[PDB]
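Student: Structure below; questions to follow.
All Cβ positions, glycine included, derive from the backbone under ideal geometry; neighbour counts span all protein chains shown. Any read-out appearing in this document is the output of simple, stated calculations on the displayed coordinates, not a laboratory observation.
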Amino acid sequence: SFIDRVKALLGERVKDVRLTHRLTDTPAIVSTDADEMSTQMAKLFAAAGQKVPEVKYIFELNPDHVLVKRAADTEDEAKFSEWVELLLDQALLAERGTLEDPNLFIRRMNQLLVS
Amino acid sequence: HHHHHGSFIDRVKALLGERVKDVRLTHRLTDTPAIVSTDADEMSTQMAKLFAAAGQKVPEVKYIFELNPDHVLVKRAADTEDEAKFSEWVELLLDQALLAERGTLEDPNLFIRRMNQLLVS
Ligand code: NI
């Protein structure tokens, strides 16, 4: 199964993996639970000179999206990974407006753009 | 055997206008389609943060857009005759250069929509 296949891949890097029909052009979104470290709170710590507490995100994919459908249809393992990774960074970039490794994102993006 | 020809630069300049201080074609030591930079005696990215941190207000850094002539995607853009598609690739690359330089983009969602479409093209 797709969802399980993504959970396996991402392991604990994420709190959970769900499919949301919050239709739009967006293929993926990320969010935190009610009473857990929010991305907004995590930034407050950085802004106060403290190290950023871990944020367990919930990774949600749009099954109606062409890219998510594509991802799911990919048999190859490495390829299937490039997509999940690309979608996760995408959701993360939208959530926090920043990425841990911006260049890695740009690199994997362009790799799927030329292949 | 790297003599790059065409009017690609003029085309990109026309399109970007003053959103950029200038456009150039320079090679890279990586597989990066494009980067952004600042010349000497010019407010750089870090300088800008220092400025703001000092309680000052300053205009957004007008970067120098440097496209990588040997990169597939930069070539694809130059070959695209459709002003729409062209403009789309250029916008994608410029946004990639900013993200890599500033670690952030003014409109992340717009960038994300763009790559998504282009990934499906
Ligand atoms: Ni060359």
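Student: Can we say B:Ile9 is under 15 Å from the mean Cα position of the chain (by Cα), within 16 Å of the ligand (Cβ to nearest atom) and of a type outside the set (D, E, K, R)?
Tutor: Yes; evaluated as a whole, the condition is true for this residue.
Student: Just give me the residues in the range B:60-85 being farther than 19 Å from A:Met109 by Cβ and more than 16 Å from the ligand (Cβ to nearest atom), in sequence order.
Tutor: Scanning the range B:60-85 gives B:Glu60, B:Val61, B:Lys62, B:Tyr63, B:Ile64, B:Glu81, B:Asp82, B:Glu83, B:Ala84.
Yes/no matrix, rows are residues, columns are (1) assigned to a helix (DSSP H, G or I); (2) of a type in the set (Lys, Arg); (3) closer than 17 Å to B:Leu119 by Cα:
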| residue | (1), (2), (3) |
| --- | --- |
| A:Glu60 | no, no, no |
| A:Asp64 | no, no, yes |
| A:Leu67 | yes, no, yes |
| A:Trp83 | yes, no, yes |
| A:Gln90 | yes, no, yes |
| A:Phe105 | yes, no, yes |
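Student: Do we find that B:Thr104 is hydroxyl-bearing (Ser, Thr, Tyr) and either more than 14 Å from chain A (Cβ to nearest Cβ) or away from the ligand (no atom under 14 Å from the Cβ) (or both) in this structure?
Tutor: In short, yes.
Student: Hey, another quick one. Mind counting the residues in the range B:28-56 that are assigned to a loop (DSSP other than H, G, I, E, B), surrounded by 13 or more Cβ atoms within 10 Å (Cβ to Cβ) and either within 16 Å of the ligand (Cβ to nearest atom) or within 14 Å of chain A (Cβ to nearest Cβ) (or both)?
Tutor: Qualifying residue count for the region: 4.
Student: Residue by residue through the range B:1-29, note down the ones that are small (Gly, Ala, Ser) and under 28 Å from B:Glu106 (Cα atoms).
Tutor: Within the range B:1-29, B:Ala14, B:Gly17 meet the criteria.
Student: Then there's this: Out of everything in the range A:71-91 that is under 12 Å from the mean Cα position of the chain (by Cα) and hydrophobic (A, V, I, L, M, F, W, C), what residue ends up being surrounded by the most Cβ atoms within 10 Å (Cβ to Cβ)?
Tutor: Here the answer is A:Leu87.
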